$ cat final.pdb   # PDB, C-alpha atoms (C1' of nucleotides) and all ligand atoms
ATOM      1  CA  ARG I   1     -20.298  44.106 -27.625  1.00  0.00           C
ATOM      2  CA  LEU I   2     -20.827  43.437 -23.911  1.00  0.00           C
ATOM      3  CA  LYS I   3     -22.236  45.860 -21.340  1.00  0.00           C
ATOM      4  CA  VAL I   4     -20.870  45.019 -17.882  1.00  0.00           C
ATOM      5  CA  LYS I   5     -22.072  46.676 -14.675  1.00  0.00           C
ATOM      6  CA  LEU I   6     -20.442  46.266 -11.265  1.00  0.00           C
ATOM      7  CA  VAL I   7     -23.230  45.509  -8.788  1.00  0.00           C
ATOM      8  CA  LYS I   8     -21.543  43.766  -5.818  1.00  0.00           C
ATOM      9  CA  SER I   9     -18.620  45.054  -3.782  1.00  0.00           C
ATOM     10  CA  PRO I  10     -15.232  43.324  -4.228  1.00  0.00           C
ATOM     11  CA  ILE I  11     -14.296  43.847  -0.548  1.00  0.00           C
ATOM     12  CA  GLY I  12     -13.480  40.465   0.960  1.00  0.00           C
ATOM     13  CA  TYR I  13     -12.831  38.723  -2.368  1.00  0.00           C
ATOM     14  CA  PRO I  14      -9.455  37.319  -3.490  1.00  0.00           C
ATOM     15  CA  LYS I  15      -6.890  39.629  -5.059  1.00  0.00           C
ATOM     16  CA  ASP I  16      -7.086  37.871  -8.436  1.00  0.00           C
ATOM     17  CA  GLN I  17     -10.765  38.832  -8.691  1.00  0.00           C
ATOM     18  CA  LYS I  18      -9.938  42.427  -7.735  1.00  0.00           C
ATOM     19  CA  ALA I  19      -7.312  42.426 -10.496  1.00  0.00           C
ATOM     20  CA  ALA I  20      -9.851  41.075 -13.002  1.00  0.00           C
ATOM     21  CA  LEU I  21     -12.093  44.080 -12.310  1.00  0.00           C
ATOM     22  CA  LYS I  22      -9.138  46.430 -12.811  1.00  0.00           C
ATOM     23  CA  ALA I  23      -8.372  44.730 -16.134  1.00  0.00           C
ATOM     24  CA  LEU I  24     -11.955  45.485 -17.209  1.00  0.00           C
ATOM     25  CA  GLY I  25     -11.806  49.098 -16.013  1.00  0.00           C
ATOM     26  CA  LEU I  26     -14.504  48.668 -13.346  1.00  0.00           C
ATOM     27  CA  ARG I  27     -13.516  50.746 -10.314  1.00  0.00           C
ATOM     28  CA  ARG I  28     -16.768  52.006  -8.743  1.00  0.00           C
ATOM     29  CA  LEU I  29     -19.960  50.269  -7.692  1.00  0.00           C
ATOM     30  CA  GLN I  30     -22.745  50.648 -10.296  1.00  0.00           C
ATOM     31  CA  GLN I  31     -20.159  51.687 -12.910  1.00  0.00           C
ATOM     32  CA  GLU I  32     -21.056  50.658 -16.461  1.00  0.00           C
ATOM     33  CA  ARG I  33     -18.563  49.860 -19.237  1.00  0.00           C
ATOM     34  CA  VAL I  34     -19.113  48.756 -22.834  1.00  0.00           C
ATOM     35  CA  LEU I  35     -16.397  46.314 -23.881  1.00  0.00           C
ATOM     36  CA  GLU I  36     -15.687  44.323 -27.017  1.00  0.00           C
ATOM     37  CA  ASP I  37     -16.653  40.646 -26.922  1.00  0.00           C
ATOM     38  CA  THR I  38     -13.290  38.912 -27.348  1.00  0.00           C
ATOM     39  CA  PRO I  39     -12.164  35.744 -25.519  1.00  0.00           C
ATOM     40  CA  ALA I  40      -9.457  37.559 -23.544  1.00  0.00           C
ATOM     41  CA  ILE I  41     -11.964  40.157 -22.330  1.00  0.00           C
ATOM     42  CA  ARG I  42     -14.727  37.576 -21.851  1.00  0.00           C
ATOM     43  CA  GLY I  43     -12.488  35.361 -19.716  1.00  0.00           C
ATOM     44  CA  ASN I  44     -12.211  38.097 -17.096  1.00  0.00           C
ATOM     45  CA  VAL I  45     -15.955  38.782 -17.330  1.00  0.00           C
ATOM     46  CA  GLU I  46     -16.672  35.143 -16.460  1.00  0.00           C
ATOM     47  CA  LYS I  47     -14.166  35.252 -13.589  1.00  0.00           C
ATOM     48  CA  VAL I  48     -16.184  37.894 -11.703  1.00  0.00           C
ATOM     49  CA  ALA I  49     -19.657  36.819 -12.835  1.00  0.00           C
ATOM     50  CA  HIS I  50     -20.924  36.837  -9.236  1.00  0.00           C
ATOM     51  CA  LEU I  51     -20.054  40.550  -8.894  1.00  0.00           C
ATOM     52  CA  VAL I  52     -21.268  41.965 -12.234  1.00  0.00           C
ATOM     53  CA  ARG I  53     -24.298  42.001 -14.524  1.00  0.00           C
ATOM     54  CA  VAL I  54     -23.727  41.490 -18.251  1.00  0.00           C
ATOM     55  CA  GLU I  55     -25.854  42.597 -21.205  1.00  0.00           C
ATOM     56  CA  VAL I  56     -25.326  42.450 -24.972  1.00  0.00           C
ATOM     57  CA  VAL I  57     -25.593  45.688 -26.943  1.00  0.00           C
TER      58      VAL I  57
ATOM     59  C1'   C X   1       3.762  48.794 -22.788  1.00  0.00           C
ATOM     60  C1'   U X   2       7.015  45.484 -20.746  1.00  0.00           C
ATOM     61  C1'   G X   3       2.466  44.845 -15.193  1.00  0.00           C
ATOM     62  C1'   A X   4      -1.610  42.193 -12.037  1.00  0.00           C
ATOM     63  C1'   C X   5      -5.569  39.480 -14.452  1.00  0.00           C
ATOM     64  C1'   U X   6      -7.357  36.960 -18.921  1.00  0.00           C
ATOM     65  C1'   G X   7      -7.462  33.905 -24.033  1.00  0.00           C
ATOM     66  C1'   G X   8      -5.035  30.162 -27.237  1.00  0.00           C
ATOM     67  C1'   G X   9      -0.893  26.561 -27.657  1.00  0.00           C
ATOM     68  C1'   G X  10       3.024  23.217 -25.927  1.00  0.00           C
ATOM     69  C1'   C X  11       5.666  20.994 -21.920  1.00  0.00           C
ATOM     70  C1'   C X  12       6.303  19.664 -16.314  1.00  0.00           C
ATOM     71  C1'   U X  13       3.689  17.077 -11.758  1.00  0.00           C
ATOM     72  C1'   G X  14       1.782  12.156  -8.610  1.00  0.00           C
ATOM     73  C1'   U X  15      -2.293  15.254  -4.511  1.00  0.00           C
ATOM     74  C1'   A X  16      -8.055  14.105  -4.435  1.00  0.00           C
ATOM     75  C1'   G X  17     -10.112   9.742  -6.002  1.00  0.00           C
ATOM     76  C1'   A X  18      -9.289   4.873  -7.095  1.00  0.00           C
ATOM     77  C1'   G X  19      -6.798   0.130  -7.241  1.00  0.00           C
ATOM     78  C1'   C X  20      -4.143  -4.338  -5.438  1.00  0.00           C
ATOM     79  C1'   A X  21       0.637  -5.021 -10.216  1.00  0.00           C
ATOM     80  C1'   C X  22       4.853  -4.112  -5.808  1.00  0.00           C
ATOM     81  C1'   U X  23       5.788  -3.587  -0.091  1.00  0.00           C
ATOM     82  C1'   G X  24       3.233  -4.354   4.370  1.00  0.00           C
ATOM     83  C1'   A X  25      -1.679  -5.304   6.900  1.00  0.00           C
ATOM     84  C1'   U X  26      -6.239  -8.463   6.577  1.00  0.00           C
ATOM     85  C1'   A X  27     -11.891 -11.805   6.725  1.00  0.00           C
ATOM     86  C1'   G X  28     -14.273 -16.581   5.055  1.00  0.00           C
ATOM     87  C1'   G X  29     -13.666 -21.092   2.408  1.00  0.00           C
ATOM     88  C1'   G X  30     -10.835 -24.934  -0.571  1.00  0.00           C
ATOM     89  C1'   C X  31      -6.229 -27.415  -1.201  1.00  0.00           C
ATOM     90  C1'   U X  32      -1.832 -28.815   1.595  1.00  0.00           C
ATOM     91  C1'   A X  33       5.404 -28.034   2.927  1.00  0.00           C
ATOM     92  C1'   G X  34       5.712 -28.181   8.139  1.00  0.00           C
ATOM     93  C1'   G X  35       3.339 -28.163  13.444  1.00  0.00           C
ATOM     94  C1'   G X  36      -0.142 -30.243  18.600  1.00  0.00           C
ATOM     95  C1'   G X  37      -2.108 -34.745  19.883  1.00  0.00           C
ATOM     96  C1'   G X  38      -3.490 -39.128  17.797  1.00  0.00           C
ATOM     97  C1'   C X  39      -5.008 -45.855  15.818  1.00  0.00           C
ATOM     98  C1'   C X  40      -0.007 -45.823  17.181  1.00  0.00           C
ATOM     99  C1'   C X  41       4.425 -47.919  16.556  1.00  0.00           C
ATOM    100  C1'   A X  42      10.521 -47.692  16.604  1.00  0.00           C
ATOM    101  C1'   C X  43      11.172 -53.221  12.898  1.00  0.00           C
ATOM    102  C1'   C X  44       8.992 -49.331   8.710  1.00  0.00           C
ATOM    103  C1'   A X  45       4.562 -45.777   7.908  1.00  0.00           C
ATOM    104  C1'   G X  46       0.087 -44.126   6.747  1.00  0.00           C
ATOM    105  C1'   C X  47      -4.076 -42.283   8.987  1.00  0.00           C
ATOM    106  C1'   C X  48      -7.078 -39.643  12.170  1.00  0.00           C
ATOM    107  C1'   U X  49      -8.166 -33.647  13.643  1.00  0.00           C
ATOM    108  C1'   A X  50     -15.150 -29.342  14.849  1.00  0.00           C
ATOM    109  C1'   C X  51      -6.664 -27.573  17.244  1.00  0.00           C
ATOM    110  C1'   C X  52      -2.448 -24.126  13.958  1.00  0.00           C
ATOM    111  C1'   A X  53      -0.308 -22.831   9.759  1.00  0.00           C
ATOM    112  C1'   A X  54       3.862 -21.888   4.138  1.00  0.00           C
ATOM    113  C1'   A X  55       2.819 -21.455  -0.884  1.00  0.00           C
ATOM    114  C1'   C X  56      -1.346 -21.931  -4.177  1.00  0.00           C
ATOM    115  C1'   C X  57      -7.050 -21.165  -5.838  1.00  0.00           C
ATOM    116  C1'   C X  58     -11.750 -18.682  -5.068  1.00  0.00           C
ATOM    117  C1'   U X  59     -14.412 -14.916  -2.710  1.00  0.00           C
ATOM    118  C1'   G X  60     -13.725  -9.962   0.412  1.00  0.00           C
ATOM    119  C1'   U X  61     -10.958  -5.615   2.406  1.00  0.00           C
ATOM    120  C1'   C X  62      -6.961  -1.599   4.348  1.00  0.00           C
ATOM    121  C1'   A X  63      -2.431   2.170   3.801  1.00  0.00           C
ATOM    122  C1'   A X  64       1.014   9.658   5.638  1.00  0.00           C
ATOM    123  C1'   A X  65       6.078   7.163   4.960  1.00  0.00           C
ATOM    124  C1'   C X  66       1.972   1.208  -0.833  1.00  0.00           C
ATOM    125  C1'   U X  67       1.053   2.416  -6.541  1.00  0.00           C
ATOM    126  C1'   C X  68      -0.672  -1.114 -12.418  1.00  0.00           C
ATOM    127  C1'   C X  69      -3.534   4.067 -12.532  1.00  0.00           C
ATOM    128  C1'   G X  70      -4.844   9.173 -11.983  1.00  0.00           C
ATOM    129  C1'   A X  71      -7.996  14.223 -12.213  1.00  0.00           C
ATOM    130  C1'   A X  72      -9.876  19.230 -11.091  1.00  0.00           C
ATOM    131  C1'   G X  73      -6.017  22.479 -10.648  1.00  0.00           C
ATOM    132  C1'   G X  74      -1.130  24.535 -10.415  1.00  0.00           C
ATOM    133  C1'   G X  75       3.868  25.972 -12.604  1.00  0.00           C
ATOM    134  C1'   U X  76       6.489  27.708 -16.832  1.00  0.00           C
ATOM    135  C1'   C X  77       7.472  29.563 -21.888  1.00  0.00           C
ATOM    136  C1'   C X  78       5.581  31.743 -26.556  1.00  0.00           C
ATOM    137  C1'   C X  79       1.877  34.838 -28.972  1.00  0.00           C
ATOM    138  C1'   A X  80      -2.659  38.178 -28.015  1.00  0.00           C
ATOM    139  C1'   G X  81      -5.984  41.595 -24.941  1.00  0.00           C
TER     140        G X  81
HETATM  141  K     K H 101       0.573  46.106 -23.927  1.00  0.00           K
HETATM  142  K     K H 102      -1.315  -5.711  -2.438  1.00  0.00           K
HETATM  143  K     K H 103      -0.466  26.341 -19.655  1.00  0.00           K
HETATM  144 MG    MG H 104     -19.758  41.708  -1.618  1.00  0.00          MG
HETATM  145 MG    MG H 105     -10.534  45.221   0.940  1.00  0.00          MG
HETATM  146 MG    MG H 106     -16.571  37.712   0.059  1.00  0.00          MG
HETATM  147 MG    MG H 107     -18.532  40.972   2.547  1.00  0.00          MG
HETATM  148 MG    MG H 108     -18.197  52.281  -5.106  1.00  0.00          MG
HETATM  149 MG    MG H 109      -6.901   8.457  -0.560  1.00  0.00          MG
HETATM  150 MG    MG H 110      -6.220   3.175  -9.426  1.00  0.00          MG
HETATM  151 MG    MG H 111      -4.954  -3.612   7.482  1.00  0.00          MG
HETATM  152 MG    MG H 112      -6.718 -18.199   3.728  1.00  0.00          MG
HETATM  153 MG    MG H 113      -8.004   0.283   0.029  1.00  0.00          MG
HETATM  154 MG    MG H 114      -7.328   6.679   3.138  1.00  0.00          MG
HETATM  155 MG    MG H 115      -7.229   3.770  -0.436  1.00  0.00          MG
HETATM  156 MG    MG H 116       6.441   5.684  -1.264  1.00  0.00          MG
HETATM  157 MG    MG H 117      -1.506   7.669  -2.126  1.00  0.00          MG
HETATM  158 MG    MG H 118       1.466  42.407 -24.973  1.00  0.00          MG
END

$ encode --input "final.pdb" --output "structure tokens"
Amino acid sequence: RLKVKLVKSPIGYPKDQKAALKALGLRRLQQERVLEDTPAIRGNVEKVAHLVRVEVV
RNA sequence: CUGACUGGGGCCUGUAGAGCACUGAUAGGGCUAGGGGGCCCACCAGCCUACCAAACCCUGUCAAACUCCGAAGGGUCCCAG
């Protein structure tokens, strides 16, 4: 499982990166979600790597 | 539950780059159809050129409307989140 925390604001970033955060359920700064490590989920995690911090739990 | 976005799979494309196979452009040399003069000689032709220049050969380049090539990506469909 992956633990993903939103640490940088998506203001000013392209709409596809905003949509990737919505697909992951990250809506607030510093919000923390535990998601399953599957390629479909992981693909969106990589897309917004510069905005989030990822840990394995 | 079909959405943005994402994962896998197939198909579509001629840009970036690159290249000279086509079309044009183009540097140096070699070889020479044909040019300027020329030893001339019109009875008849070769030859002389550190003056041009067709093709050809070597070396060396350029291109939005060149392409023997050709990505990253993008588009679309199917299945999955
Ligand atoms: K669904
Ligand atoms: K050419
Ligand atoms: K595809
Ligand atoms: Mg920011
Ligand atoms: Mg905004
Ligand atoms: Mg920004
Ligand atoms: Mg900003
Ligand atoms: Mg916030
Ligand atoms: Mg180019
Ligand atoms: Mg090429
Ligand atoms: Mg040119
Ligand atoms: Mg030449
Ligand atoms: Mg070129
Ligand atoms: Mg160019
Ligand atoms: Mg070129
Ligand atoms: Mg053309
Ligand atoms: Mg081209
Ligand atoms: Mg579905």

$ residues_around --input "final.pdb" --residues "residue 31 in chain X" --least-positions-apart "2" --cutoff "12 Å" --atoms "all atoms listed in the file" --output "list in words"
residues 29, 55, 56, 57 and 58 of chain X

$ write_last_selection --input "final.pdb" --atoms "C-alpha atoms (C1' of nucleotides)" --output "PDB file, in the coordinates of the input"
ATOM      1  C1'   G X  29     -13.666 -21.092   2.408  1.00  0.00           C
ATOM      2  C1'   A X  55       2.819 -21.455  -0.884  1.00  0.00           C
ATOM      3  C1'   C X  56      -1.346 -21.931  -4.177  1.00  0.00           C
ATOM      4  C1'   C X  57      -7.050 -21.165  -5.838  1.00  0.00           C
ATOM      5  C1'   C X  58     -11.750 -18.682  -5.068  1.00  0.00           C
TER       6        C X  58
END

$ interface_residues --input "final.pdb" --of "chain X" --to "chain I" --cutoff "6 Å" --atoms "only C-alpha atoms (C1' of nucleotides)" --output "ChimeraX atom specification"
/X:4-7,81

$ write_last_selection --input "final.pdb" --atoms "C-alpha atoms (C1' of nucleotides)" --output "PDB file, in the frame of the given file"
ATOM      1  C1'   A X   4      -1.610  42.193 -12.037  1.00  0.00           C
ATOM      2  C1'   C X   5      -5.569  39.480 -14.452  1.00  0.00           C
ATOM      3  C1'   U X   6      -7.357  36.960 -18.921  1.00  0.00           C
ATOM      4  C1'   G X   7      -7.462  33.905 -24.033  1.00  0.00           C
ATOM      5  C1'   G X  81      -5.984  41.595 -24.941  1.00  0.00           C
TER       6        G X  81
END

$ residues_near_ligand --input "final.pdb" --ligand "ligand MG 115 (chain H)" --cutoff "8 Å" --atoms "all atoms listed in the file" --output "PDB file with C-alpha atoms (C1' of nucleotides), in the coordinates of the input"
ATOM      1  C1'   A X  18      -9.289   4.873  -7.095  1.00  0.00           C
ATOM      2  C1'   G X  19      -6.798   0.130  -7.241  1.00  0.00           C
ATOM      3  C1'   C X  62      -6.961  -1.599   4.348  1.00  0.00           C
ATOM      4  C1'   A X  63      -2.431   2.170   3.801  1.00  0.00           C
TER       5        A X  63
END

$ resolve_selection --input "final.pdb" --expression "the PyMOL selection byres (((not hetatm)) within 10 of (chain H and resi 116))" --output "list in words"
residues 23, 64, 65, 66 and 67 of chain X

$ atom_distance --input "final.pdb" --atom1 "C1' of residue 16 in chain X" --atom2 "atom MG of ligand MG 111 (chain H)"
21.6 Å

$ atom_distance --input "final.pdb" --atom1 "atom MG of ligand MG 107 (chain H)" --atom2 "CA of residue 13 in chain I"
7.9 Å

$ atom_distance --input "final.pdb" --atom1 "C1' of residue 74 in chain X" --atom2 "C1' of residue 14 in chain X"
12.8 Å

$ resolve_selection --input "final.pdb" --expression "the PyMOL selection byres (((chain X and resi 75) around 9) and not hetatm)" --output "VMD selection string"
chain X and resid 12 to 13 74 76

$ residues_near_ligand --input "final.pdb" --ligand "ligand MG 104 (chain H)" --cutoff "8 Å" --atoms "only C-alpha atoms (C1' of nucleotides) and all ligand atoms" --output "PyMOL selection string"
chain I and resi 8-13+51

$ axis_aligned_box --input "final.pdb" --around "range 1-9 of chain I" --padding-each-side "6 Å" --output "lines of an AutoDock Vina configuration file"
center_x = -20.9
center_y = 45.1
center_z = -15.7
size_x = 16.6
size_y = 15.2
size_z = 35.8

$ residues_near_ligand --input "final.pdb" --ligand "ligand K 101 (chain H)" --cutoff "10 Å" --atoms "only C-alpha atoms (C1' of nucleotides) and all ligand atoms" --output "JSON, numbers by chain"
{"X": [1, 2, 3, 80, 81]}

$ residues_near_ligand --input "final.pdb" --ligand "ligand MG 110 (chain H)" --cutoff "12 Å" --atoms "all atoms listed in the file" --output "ChimeraX atom specification"
/X:17-21,67-71

$ closest_residue --input "final.pdb" --among "I:48, I:56, I:6, I:1" --to "residue 27 in chain I" --atoms "all atoms listed in the file"
I:6

$ resolve_selection --input "final.pdb" --expression "the PyMOL selection byres (((chain I and resi 33) around 9) and not hetatm)" --output "PyMOL selection string"
chain I and resi 2-6+24-26+31-32+34-35

$ build_atoms --input "final.pdb" --residues "range 11-32 of chain I" --atoms "N, CA and C atoms" --output "PDB file, in the coordinates of the input"
ATOM      1  N   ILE I  11     -14.912  43.982  -1.866  1.00  0.00           N
ATOM      2  CA  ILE I  11     -14.296  43.847  -0.548  1.00  0.00           C
ATOM      3  C   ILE I  11     -14.501  42.429  -0.038  1.00  0.00           C
ATOM      4  N   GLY I  12     -13.422  41.809   0.432  1.00  0.00           N
ATOM      5  CA  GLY I  12     -13.480  40.465   0.960  1.00  0.00           C
ATOM      6  C   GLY I  12     -13.236  39.358  -0.042  1.00  0.00           C
ATOM      7  N   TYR I  13     -13.050  39.680  -1.299  1.00  0.00           N
ATOM      8  CA  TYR I  13     -12.831  38.723  -2.368  1.00  0.00           C
ATOM      9  C   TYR I  13     -11.349  38.643  -2.723  1.00  0.00           C
ATOM     10  N   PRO I  14     -10.894  37.509  -3.263  1.00  0.00           N
ATOM     11  CA  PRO I  14      -9.455  37.319  -3.490  1.00  0.00           C
ATOM     12  C   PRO I  14      -8.871  38.349  -4.448  1.00  0.00           C
ATOM     13  N   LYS I  15      -7.564  38.578  -4.305  1.00  0.00           N
ATOM     14  CA  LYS I  15      -6.890  39.629  -5.059  1.00  0.00           C
ATOM     15  C   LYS I  15      -6.884  39.377  -6.560  1.00  0.00           C
ATOM     16  N   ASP I  16      -7.008  38.122  -7.000  1.00  0.00           N
ATOM     17  CA  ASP I  16      -7.086  37.871  -8.436  1.00  0.00           C
ATOM     18  C   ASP I  16      -8.412  38.349  -9.016  1.00  0.00           C
ATOM     19  N   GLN I  17      -9.488  38.301  -8.228  1.00  0.00           N
ATOM     20  CA  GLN I  17     -10.765  38.832  -8.691  1.00  0.00           C
ATOM     21  C   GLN I  17     -10.773  40.356  -8.677  1.00  0.00           C
ATOM     22  N   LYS I  18     -10.102  40.977  -7.703  1.00  0.00           N
ATOM     23  CA  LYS I  18      -9.938  42.427  -7.735  1.00  0.00           C
ATOM     24  C   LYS I  18      -9.149  42.858  -8.965  1.00  0.00           C
ATOM     25  N   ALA I  19      -8.101  42.107  -9.312  1.00  0.00           N
ATOM     26  CA  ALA I  19      -7.312  42.426 -10.496  1.00  0.00           C
ATOM     27  C   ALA I  19      -8.114  42.242 -11.779  1.00  0.00           C
ATOM     28  N   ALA I  20      -9.016  41.260 -11.819  1.00  0.00           N
ATOM     29  CA  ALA I  20      -9.851  41.075 -13.002  1.00  0.00           C
ATOM     30  C   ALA I  20     -10.737  42.290 -13.245  1.00  0.00           C
ATOM     31  N   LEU I  21     -11.289  42.869 -12.175  1.00  0.00           N
ATOM     32  CA  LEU I  21     -12.093  44.080 -12.310  1.00  0.00           C
ATOM     33  C   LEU I  21     -11.253  45.246 -12.816  1.00  0.00           C
ATOM     34  N   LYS I  22     -10.022  45.380 -12.317  1.00  0.00           N
ATOM     35  CA  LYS I  22      -9.138  46.430 -12.811  1.00  0.00           C
ATOM     36  C   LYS I  22      -8.843  46.243 -14.294  1.00  0.00           C
ATOM     37  N   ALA I  23      -8.637  44.996 -14.725  1.00  0.00           N
ATOM     38  CA  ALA I  23      -8.372  44.730 -16.134  1.00  0.00           C
ATOM     39  C   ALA I  23      -9.545  45.134 -17.014  1.00  0.00           C
ATOM     40  N   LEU I  24     -10.765  45.076 -16.481  1.00  0.00           N
ATOM     41  CA  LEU I  24     -11.955  45.485 -17.209  1.00  0.00           C
ATOM     42  C   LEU I  24     -12.250  46.974 -17.088  1.00  0.00           C
ATOM     43  N   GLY I  25     -11.550  47.688 -16.214  1.00  0.00           N
ATOM     44  CA  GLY I  25     -11.806  49.098 -16.013  1.00  0.00           C
ATOM     45  C   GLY I  25     -12.945  49.420 -15.075  1.00  0.00           C
ATOM     46  N   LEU I  26     -13.413  48.453 -14.289  1.00  0.00           N
ATOM     47  CA  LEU I  26     -14.504  48.668 -13.346  1.00  0.00           C
ATOM     48  C   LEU I  26     -13.911  49.013 -11.984  1.00  0.00           C
ATOM     49  N   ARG I  27     -14.127  50.249 -11.536  1.00  0.00           N
ATOM     50  CA  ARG I  27     -13.516  50.746 -10.314  1.00  0.00           C
ATOM     51  C   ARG I  27     -14.514  51.204  -9.263  1.00  0.00           C
ATOM     52  N   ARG I  28     -15.750  51.495  -9.644  1.00  0.00           N
ATOM     53  CA  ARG I  28     -16.768  52.006  -8.743  1.00  0.00           C
ATOM     54  C   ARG I  28     -17.992  51.105  -8.810  1.00  0.00           C
ATOM     55  N   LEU I  29     -18.690  50.981  -7.685  1.00  0.00           N
ATOM     56  CA  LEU I  29     -19.960  50.269  -7.692  1.00  0.00           C
ATOM     57  C   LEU I  29     -20.945  50.989  -8.604  1.00  0.00           C
ATOM     58  N   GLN I  30     -21.765  50.205  -9.305  1.00  0.00           N
ATOM     59  CA  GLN I  30     -22.745  50.648 -10.296  1.00  0.00           C
ATOM     60  C   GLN I  30     -22.111  51.247 -11.548  1.00  0.00           C
ATOM     61  N   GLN I  31     -20.791  51.174 -11.701  1.00  0.00           N
ATOM     62  CA  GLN I  31     -20.159  51.687 -12.910  1.00  0.00           C
ATOM     63  C   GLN I  31     -20.443  50.765 -14.090  1.00  0.00           C
ATOM     64  N   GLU I  32     -20.617  51.362 -15.265  1.00  0.00           N
ATOM     65  CA  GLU I  32     -21.056  50.658 -16.461  1.00  0.00           C
ATOM     66  C   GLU I  32     -20.046  50.881 -17.579  1.00  0.00           C
TER      67      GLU I  32
END
